[PDB]
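Below you'll find the structure, written out as structure tokens, and then a few comments.
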Amino acid sequence: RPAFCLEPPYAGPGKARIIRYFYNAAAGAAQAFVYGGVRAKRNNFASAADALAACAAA
């Protein structure tokens with residue numbers, strides 16, 4: 001998988017309240033988190049399906 005799939009979720013310093021998904025490699029699962037709108041890192045997707053497409057494919 002890409003190295004970014006191993007990153008913890010990054011809410012960032014922003015005040016937005018946006019439901020997003022990260023790949024939880026420890027769990028081997030997609031998981032929801034609250035994203036602030038600013039400075040997103042790579043492990044940050046609109047749906048569980050995009051997170052898994054990216055991080056659990058092949």
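A quick note on method: Cβ atoms are made from the backbone with ideal geometry, for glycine too, and the neighbour counts reach across all protein chains shown. Values quoted throughout were computed directly from the atomic coordinates according to the rules given, and no laboratory measurement underlies them.
Among the residues of the chain, those identified as in a strand (DSSP E or B) and not hydroxyl-bearing (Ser, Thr, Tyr) are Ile18, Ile19, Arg20, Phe22, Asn24, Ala29, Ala30, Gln31, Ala32, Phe33, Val34, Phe45.
Contact map, region 18-33: first residue at positive phi, second residue surrounded by fewer than 18 Cβ atoms within 10 Å (Cβ to Cβ) and not hydroxyl-bearing (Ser, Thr, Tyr), Cβ cut-off under 8 Å, separation 6 or more or different chains; pairs are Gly28/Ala56.
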